[PDB]
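Q: as they sit in the full assembly, here are the leading chains:
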Amino acid sequence: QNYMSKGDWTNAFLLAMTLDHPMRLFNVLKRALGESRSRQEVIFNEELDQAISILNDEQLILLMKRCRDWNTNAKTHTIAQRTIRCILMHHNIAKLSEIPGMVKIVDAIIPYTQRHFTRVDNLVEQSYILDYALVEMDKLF
Amino acid sequence: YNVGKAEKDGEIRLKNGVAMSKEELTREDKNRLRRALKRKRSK
């Protein structure tokens, strides 16, 4: 509670992971991700994604279960994708495959990521009305 | 895949996909969520 109040998201993350407090885990990941977009290879701050890089098998299987059922929203899915990405780029892929239980999770969350890829790609597709409006505004003279 | 109920009785997973843990949530939200699933279990 003191860490979540005063800031300090890395030791807050590992205490929320040790206590298994999932709403607090979503809050510490969402707050750290938002301040990561604010400031400026690395996607969270470096201390927190090193803290993600050094957690063991049952901790990362409960972390990926949390990422699994956050990915079913279209709202809380970005936090899940950043956490999945830092796990993927900070852990060993042979280890992640041979952990017992890591196929009934990644098969659960491949099609949800594909659904979100289709939706965000269509958002980029219909983002070109700005470009069409700009070419009309330049034809105006 | 879809979000089912929680697999242990120390947490709940709502259909949304977000989850609370019994110990972690505040007692006001425990009253609120008890009332909510009571209605959801009443309809």
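A: Now that the structure is in, tell me what you want to look at. Numbers count the residues shown, from 1 in each chain, chains lettered A, B, ... in the order given.
Q: give me the nearest residue to residue A:39, chain neighbours excluded.
A: Nearest residue to residue A:39 in three dimensions, chain neighbours excluded: residue A:45, at 7.9 Å (C-beta to C-beta, 6 or more residues apart in numbering or on different chains). C-beta coordinates here come from the backbone N, C-alpha and C atoms, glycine included.
Q: that neighbour and chain B: what is the separation?
A: 23 Å (C-beta to the nearest C-beta, to the nearest Å).
Q: residue contacts, that residue?
A: By C-beta atoms under 8 Å, 6 or more residues apart in numbering or on different chains, the contact set of residue A:45 is A:9, A:10, A:32, A:35, A:36, A:39.
Q: list the buried ones in stretch A:52-70?
A: A:52, A:55, A:60-70 (16 or more other C-beta atoms under 10 Å in any protein chain shown).
Q: can you tell me which residues contact residue 24?
A: With no chain named, the answer covers chain A. Contacts of residue A:24 by C-beta under 8 Å, 6+ apart are A:4, A:12, A:16, B:24.
Q: ah, no, chain B please
A: Contacts of residue B:24 (C-beta under 8 Å, 6+ apart): A:19, A:20, A:21, A:22, A:23, A:24.
Q: of all the contacts of residue A:45, which two lie farthest apart?
A: For the contacts of residue A:45, the maximum inter-member distance is 14.7 Å, found between A:10 and A:39 (C-beta to C-beta).
Q: so for the two, which sits in the more crowded spot?
A: residue A:10 (19 against 6; other C-beta atoms under 10 Å in any protein chain shown).
Q: my read: that one touches residue A:51, true?
A: Yes. Counting by C-beta atoms under 8 Å, residue A:10 does reach residue A:51; the two are 4.8 Å apart.
Q: ok, residue A:137 to residue A:124 distance?
A: Per C-beta to C-beta, to the nearest Å, residue A:137 is found 21 Å from residue A:124.
Q: what sits against the residue nearest the centre of chain A?
A: With distances taken as C-alpha atoms, centre = their mean, residue A:82 lies nearest the centre of chain A, 2.4 Å away. The contact partners of residue A:82, by C-beta under 8 Å, 6+ apart, come to A:29, A:33, A:43, A:44.
Q: add one more, call it chain C:
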Amino acid sequence: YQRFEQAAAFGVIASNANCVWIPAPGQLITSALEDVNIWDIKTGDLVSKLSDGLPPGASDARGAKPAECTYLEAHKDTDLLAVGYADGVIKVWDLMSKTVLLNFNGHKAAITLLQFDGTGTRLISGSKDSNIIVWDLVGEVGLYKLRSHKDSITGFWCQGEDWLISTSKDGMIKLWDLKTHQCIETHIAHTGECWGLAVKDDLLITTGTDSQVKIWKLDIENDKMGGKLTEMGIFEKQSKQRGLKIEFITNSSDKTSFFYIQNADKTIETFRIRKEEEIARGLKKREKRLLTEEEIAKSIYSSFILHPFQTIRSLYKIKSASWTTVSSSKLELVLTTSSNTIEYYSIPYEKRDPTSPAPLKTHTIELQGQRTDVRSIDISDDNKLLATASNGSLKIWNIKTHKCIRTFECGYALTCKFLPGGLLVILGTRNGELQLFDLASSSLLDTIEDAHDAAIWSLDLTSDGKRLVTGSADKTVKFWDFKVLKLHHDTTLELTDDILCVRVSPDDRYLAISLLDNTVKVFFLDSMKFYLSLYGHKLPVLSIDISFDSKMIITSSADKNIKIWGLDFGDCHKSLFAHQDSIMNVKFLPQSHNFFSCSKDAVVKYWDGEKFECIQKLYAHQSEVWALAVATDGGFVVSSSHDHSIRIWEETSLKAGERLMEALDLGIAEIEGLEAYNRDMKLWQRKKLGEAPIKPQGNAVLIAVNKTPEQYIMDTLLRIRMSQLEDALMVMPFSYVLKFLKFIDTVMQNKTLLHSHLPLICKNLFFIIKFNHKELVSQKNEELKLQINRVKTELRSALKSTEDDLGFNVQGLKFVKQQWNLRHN
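A: Okay, here's chain C dropped in alongside the others:
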């Protein structure tokens, strides 16, 4: 109707609360039920009974029990009394004029502590619901509500403005930063409950369920998370029960400190804490035999720094205490016990010896009480009053002064009566004994041992008084005459069952007796004739009453209803259900068919015998009303109960679209106001610094909700719904569309709330320009052209940035699954 009311209440000196002491030994403020009474220890006369200005029983008295006082607390210098009650309210009074200054309801359950802080103007209050609230007295406002405990606040300790520390009825002690009002450090003090808290600045002391008293070191200037308050060791007491109040003092004239732990039962353990010189010169002596083992011995401190003292006992169970000190030989401690009595003890101590094998009480205020519940009340013609107790404290109070002028010692006495000339009392006790007393002379005219074989239960005089009837649980009734002033047993009627009430008619006519076998029997006194048997009550049956015309009887029982019977044929009239616990007593008026019934659920009730309505529902007691007695003429009625009380009763709307439009206009007005301020700052920093703009003060609602204007517009844009969003965006005109584009252009510079609202910004912005496309491409301004280009670049950069990691995660996760498959499919 000529209704009833309450004239005065008395019989209580110390009730279910604490006590505060005021200096001149000195006086004492303590609790009666729902009103506070002040007493001078020197003599003991009731110098004040500060009460509510409304009599309980009046027209505007509300239909529930009155709020029992549960915590006294006193501000000495500015002369205030903060008292708190059992519903949660706090009344603050000035003790000079005795009016109510402050009402501070606030809580939801009964309250457990008060404390004035910074001596005036601030009051902190802890309650049986786990909140603890700070109140200001110059603003009449609950300032802060510290809300993290779980059961019930058992104690706290504050210093001004920065640190509070509470401990509650779970196992937990908590330290509170009063600047942020977030709990800082939480420990488990004791494994069950935690009932005590006291602290002299270095050491803190707590106690829990059974004898394990824990010393803590609070280091306020610490910086670590766990370690603002550390635990330094436990020790034991002599009581295995709940120590539930600890309190410290610093006697002057050297400097020394003493603390007591009062217990549940009967006992206050006092302790002297020693000083640093004997800490230093006692360390070596347990550090003898010369170091890992010696370090373990030095770590295993409590018996070292604390020194037990004279363990003050009492006769009864102890409810509260507080002391004063001079000379370290006058530890003068006032003590309110449960069976209503205060006691002023004082232990001397010659600074090495406590000079006594057992301490001595110097005063005791106990005259205006009973020490037990009054099992029988009675009245004179109109002047005096009779209260019958279990210890023996028969007391003859008087109505016109509410003072016991005469008191005796009888035994476990449950029923009594006067004698018709006055100045003479008959009484029966719970063993086989009857007793007679008077008013002018001493106690015992005579006792009759073996008046009955078992517990007597009810007696009654005849209207001339020469002949009385005693019915007892030895399945017998007996008759007694007065021979000359002695009792003459002459006849005895043995029944099959334990008779537990008797009554005669008020005209010597009938003898109605209530058996344990669910019935009553009406006899003729002149024949023992067995006139009637009234039956059908369905539990054992308490008090009877016969009316003045000797035509109508009442019948109360533990079936929660009273039955009205017509005595001519023994036919029932009503069976009206009162009183949801048990009707203990029921009594007529003198001349009317109206009657009263007091019951075991803290209520008396006034009925009529013609319409059988409830005339009045009187609600002044707090617990089981054991007896009531009506005046012989005139009709004022006294009622006496289990809370040691005796009391008299006498006669008298926008929608989406326009919400977004007004939010957009004030938000963009603030935004371009600050941008004009920034352009002014750059021009007055790039030119001759002689002038600039004065100040744009920020918006009222923006600083009131504590939001940047982008966040304000963003949450009202969130709070419109998806069904009327395409209408909310279609209602607004093109000027609001242009300032909406300004809002989006500013919000995708703050990349925090851009990325948390990307699909909402995309949906709204693309619908807005898709709907307003014809006018937008006809606007001619390079400012808007650069605006659209900037929004386009930042928005598409955010969207490609999120789908980059989406595609990365797709290919990585299907690689993980595929390499697991080619490993062991």
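Q: could you re-examine the contacts of residue A:82 with chain C now present?
A: A:29, A:33, A:43, A:44, C:805.
Q: quick one, phi psi at the first one?
A: What it means is residue A:29. With angles defined as degrees, to the nearest 10, residue A:29 sits at phi -70, psi -40.
Q: surely it is in contact with residue A:81?
A: No. The criterion here is C-beta under 8 Å, and residue A:29 misses it with residue A:81 at 11.1 Å.
Q: can you give me the helices in chain B?
A: B:27-40 (DSSP state H).
Q: and it, which of its residues are near chain A?
A: Within reach of chain A by C-beta under 8 Å from any C-beta of the partner chain, chain B has these residues: B:1-3, B:10-11, B:13, B:16-21, B:23-25.
Q: make it 6 Å
A: B:1, B:3, B:13, B:17, B:19, B:20, B:21, B:24 (C-beta under 6 Å from any C-beta of the partner chain).
Q: can you go through those and name the buried ones?
A: Judged by 16+ other C-beta under 10 Å, buried ones among those: B:3, B:13, B:17, B:19, B:20, B:21, B:24.
Q: inside strands: which ones of these?
A: Judged by DSSP state E, those include B:13, B:19, B:20, B:21 as members of strands.
Q: please identify which of the residues you listed is nearest to chain C.
A: residue B:21 (17.3 Å; C-beta to the nearest C-beta).
Q: without its sequence neighbours, what residue ends up closest to the residue nearest the centre of chain B?
A: Residue closest to the average C-alpha location in chain B (C-alpha atoms, centre = their mean): residue B:12, at 4.0 Å. Closest residue in space to residue B:12, ignoring its immediate chain neighbours: residue B:6 at 5.0 Å, by C-beta to C-beta, 6+ apart.
Q: isn't the one you found right next to residue B:13, touching?
A: Yes. Residue B:6 is in contact with residue B:13 according to C-beta atoms under 6 Å; the separation is 4.7 Å.
Q: out of the contacts of residue A:82, who's nearest residue C:116?
A: residue A:29 (45.7 Å).
Q: show me what from chain B comes close to chain C.
A: Counting by C-beta under 6 Å from any C-beta, no residue of chain B is near chain C.
Q: can you add RNA strand D next? sequence is:
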RNA sequence: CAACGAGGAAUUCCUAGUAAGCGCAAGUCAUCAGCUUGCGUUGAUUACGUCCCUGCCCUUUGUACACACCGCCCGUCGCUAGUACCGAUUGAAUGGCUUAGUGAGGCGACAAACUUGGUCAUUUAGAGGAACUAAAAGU
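A: Let me add RNA strand D to what's already shown:
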């Protein structure tokens, strides 16, 4: 030297062969002739939108299978279970202390068992009071 020249305040009904005008027949076991029901002829004005007002109703897990969209309605009082509290129940009893005698008998000291006041731990037959906490609907 009485009434009256399209009827005040209020109020009711009404959306296409409808409102209204017009006549002609019948008189169908109830009803109707102080009239009722048919039948044709002539035939419009204005709404055909809206929940702003007045009300009435419905829902508040999306479930029903994809795609897409959404992304925890709220509060009070009750019910159930637990945890400690407040005393009254001569609580009563056990056991140990301790109140003072009766003390068979072993060996006139000594004295196991019986009466008889307070101290500590526990059960309440149980019944009250008024607190806090917990509570699980998902092929």
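Q: same as before for the contacts of residue B:24, with RNA strand D this time.
A: Residues counted as contacts of residue B:24 (C-beta atoms under 6 Å, 6 or more residues apart in numbering or on different chains) are A:21, A:24.
Q: then residue C:242?
A: Counted by C-beta under 6 Å, 6+ apart, residue C:242 has contacts C:195, C:264.
Q: okay, helices next: where are they in the chain?
A: Just so you know, I chose chain A. Going by DSSP H, chain A shows helices at A:2-6, A:9-19, A:22-38, A:46-53, A:57-70, A:77-90, A:93-98, A:106-125, A:129-139.
Q: hmm, I had chain C in mind actually
A: Under DSSP H, chain C gives helices at C:276-286, C:292-299, C:302-305, C:658-686, C:700-705, C:709-719, C:725-731, C:734-747, C:751-755, C:758-771, C:773-776, C:782-824.
Q: other SSEs contacting the fourth one?
A: What it means is helix C:658-686. helix C:709-719, helix C:734-747 (3 or more C-beta pairs under 6 Å, 6 or more residues apart in numbering or on different chains; DSSP states H and E).
Q: kindly report the same for the third one.
A: In terms of contact count using 3+ C-beta pairs under 6 Å, 6+ apart, helix C:302-305 is assigned the packing partners strand C:229-235.
Q: which residues touch residue 30?
A: Answering for chain A, as no chain was given. Counting by C-beta under 6 Å, 6+ apart, residue A:30 makes contact with residue A:79.
Q: chain C, not that one
A: Residue C:30 neighbours (C-beta under 6 Å, 6+ apart): C:14, C:19, C:336.
Q: these two touch, right, the first one and residue C:342?
A: Yes. Residue C:14 is within contact range of residue C:342, at 5.4 Å (criterion: C-beta under 6 Å).
Q: give me the common contacts of those two.
A: In contact with both residue C:14 and residue C:342: residue C:336, using C-beta under 6 Å, 6+ apart.
Q: and these two? Which one has more around it.
A: residue C:14 (28 against 23).
Q: give me the spatial nearest neighbour of the more buried one, chain neighbours excluded.
A: Closest to residue C:14 by C-beta to C-beta, 6+ apart is residue C:336, at 4.0 Å.
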